[PDB]
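Here's a solo chain for you in structure tokens, the form solved without the partner chain.
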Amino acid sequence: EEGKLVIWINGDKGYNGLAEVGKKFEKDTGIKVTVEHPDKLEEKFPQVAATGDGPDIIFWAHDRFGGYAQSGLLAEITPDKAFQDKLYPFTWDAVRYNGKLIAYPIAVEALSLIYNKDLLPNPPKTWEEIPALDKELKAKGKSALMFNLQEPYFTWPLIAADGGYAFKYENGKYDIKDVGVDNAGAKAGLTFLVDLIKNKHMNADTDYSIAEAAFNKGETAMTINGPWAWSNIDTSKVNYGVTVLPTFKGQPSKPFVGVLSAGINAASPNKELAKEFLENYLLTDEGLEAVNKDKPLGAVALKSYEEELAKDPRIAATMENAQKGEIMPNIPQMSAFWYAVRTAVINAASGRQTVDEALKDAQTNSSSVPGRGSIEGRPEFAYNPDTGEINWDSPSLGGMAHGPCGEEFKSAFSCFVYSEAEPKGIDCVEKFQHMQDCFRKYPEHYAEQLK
């Protein structure tokens, strides 16, 4: 805290460059800027924020900011009208939640099909043609590709190609009631991916690392990653090339576009110095170059910097892909969506489940769940975090724990209160549904249905 700045940024981004622009700020304001790069920063921020700590400003793809805002963890930004002109308007929209601009857009990210130019003169024009390309390829001790399968971000570009989609853009907003992770398309993709993990084409444990080392070492002719990774493929030169993502079942592979944004903590002692830095030092050709030269940002939201940088081919490819797909939504429900698909891909791809069984759940874990009212909020005062005990008689439960559905309530309430999932209670859905099904057998008993 205090009168000096501290900021969080993901470990794969150029935080050394960010700290570099911080030494400049310091040198011109006498305010030491400290950059950090925690693990599960996206999940760790909303946790550390409530308990006094947390950075003065946090960096992350915009899709995660709707939630922070909802919880009142972020302070609305106040960029000049003139300063809003220096940034593309679409990057500003991806950062406006409920009419309030809640974060500064930095750069738009989009996964691309990276291919070893020395191995593959002509990259796979098709996704389903990878099996016949990894064929004549394995015939040398090399696979066709290796990307992080532990993160739904990298696998989703496929799953959505033939119709898979998160939250439909119904009316003027994202309809949390309309989810498409369990339709024919989503299954056509997930089927193929686990159809490539079965044909031995690629193990189902591959990491971001295990997948980066496998390309940085001429191990595999391809991989799927973003702008921030280009820096290591150049360091340990592998004569790579960045192009459009392979098409699946016809239509293009559509990646979920992300806009790296800087958010100002609501409880940031330095909320004006945050502005000075982000607005006058980072979001400038010099400032963005300092970060970029460390770990590519690829396609920045600064009109000036971008225009004369769309010249680069890899950047043009990144953008072409960003066009094939859709920009991620910022709503609070994204956190859960990502949970559902992360889990669904981890099971349907490890044999733990089948595509049908896995996505069926993904759809239920992404969709809205009932009960929330009679459990989350005031009712939680029954739970004593110290002992971890529940007072089923505390008037805060409204008596819910004692009646026709007393057992069902108890099961759902305790699960949410003992939950350590992300977001909390996302593992208690079925129990919240089971409880809801019980409210319906005694409708005269409940008004927890009045809606």
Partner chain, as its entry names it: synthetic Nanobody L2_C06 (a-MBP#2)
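Positions refer to the first chain, counted from 1.
Only in words, not in the display: the form deposited with the partner chain bound, which the text now covers.
Contacts to the partner chain in the deposited bound form (heavy atom within 4.5 Å) from stretch 131-162: 161, 162. Among the listed residues (164, 22, 257, 45), the one located at the hinge where rigid parts rotate relative to each other between the shown form and the other one is 257. Three angstroms is the minimum change: in the deposited bound form, the CA atoms of residue 178 and residue 99 sit closer than in this structure, by 3 Å or more. A change of 3 Å or more separates the two forms for residue 60 and residue 152: their C-alpha atoms lie farther apart in the deposited bound form.
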